[PDB]
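One structure is given below, encoded as structure tokens.
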Amino acid sequence: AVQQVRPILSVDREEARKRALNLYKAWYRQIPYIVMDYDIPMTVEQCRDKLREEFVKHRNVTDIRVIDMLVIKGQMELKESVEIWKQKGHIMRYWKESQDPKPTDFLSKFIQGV
Amino acid sequence: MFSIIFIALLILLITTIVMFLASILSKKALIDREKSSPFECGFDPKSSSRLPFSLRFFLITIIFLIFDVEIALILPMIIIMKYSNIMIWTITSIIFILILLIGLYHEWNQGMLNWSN
């Protein structure tokens, strides 16, 4: 079940793989600047893990066009973070610190209620 | 002089006491990491204020130093008009103010008085 479509940025998965890695470069280069220029608790090693953790979220993605869009949005945040348009609050938004853990085991959820 | 210095000190002491009252009379509350942050319209600042601030009136800035040092030479005029030779005083004074005007109009015509563009 295939159709003809217009490419977004890349023509091949290999080019898409190439673009995604560059986005990892630029972020990985940028973490030392973000720590200095934002009054946030997190350190470089913690952040450099968060970069790894989330690039892993989109582990099973296959469509090149979807990978292009993730890289378009992924790049947009970096420019908004290479610049300090994103404020102190927004950067820490990547951690969901305020939300406390919700237990997963059935017995705990049942006792806690829906 | 010595009278003026004493009152100069006495005033400085008095004005100094004023905030030393203000610093104590002021309500005291715990200082926050955000309360003491700079003011830049409510959004965090991109750039320290200690970056190089470009200059455009640099040329006028230098000309200001000069023009003052000729104010040192016009001010004595009055004081020595009753006591000086009138030709020498008259001639020299005029060719002092013409020189200044000519200098000013020369640069004005050359466009140096305009800012960097």
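Each reported figure results from applying straightforward, stated rules to the coordinates on display, with no laboratory input. Backbone-built Cβ (ideal geometry, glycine too); neighbour counts: all protein chains shown.
Of note:
- Selection from the stretch A:47-83 of residues that are among the charged types (D, E, K, R) and touching a residue at least 40 places away in the same chain (Cβ under 8 Å): A:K50, A:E54, A:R65, A:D68
- Residue within the stretch B:8-26 that is within 14 Å of chain A (Cβ to nearest Cβ) and either within 19 Å of the chain's Cα centre (by Cα) or not in a helix (DSSP H, G or I) (or both) present: no
- The helices (runs of 4 or more DSSP H) falling completely within the stretch A:1-112 that include 1 or more residues that are within 14 Å of another protein chain (Cβ to nearest Cβ) and either touching an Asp or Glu at 6+ places or on another chain (Cβ under 6 Å) or surrounded by 16 or more Cβ atoms within 10 Å (Cβ to Cβ) (or both) map to A:13-37, A:64-82, A:88-92.
- Among (1) within 30 Å of B:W115 (Cβ to Cβ); (2) touching a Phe, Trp or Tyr at 6+ places or on another chain (Cβ under 7 Å) - the single one B:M81 does not satisfy: (1)
- Candidates B:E70, B:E107, filtered to the one that is charged (D, E, K, R) and in contact (Cβ under 8 Å) with a residue 40 or more places away in the chain: B:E107
- Residue match in the stretch A:77-93 (condition: under 17 Å from the mean Cα position of the chain (by Cα) and among the β-branched types (V, I, T)): yes
- In the stretch B:22-65, the residues that are among the charged types (D, E, K, R), within 19 Å of A:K88 (Cα to Cα) and surrounded by 10 or more Cβ atoms within 10 Å (Cβ to Cβ): B:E40, B:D44, B:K46
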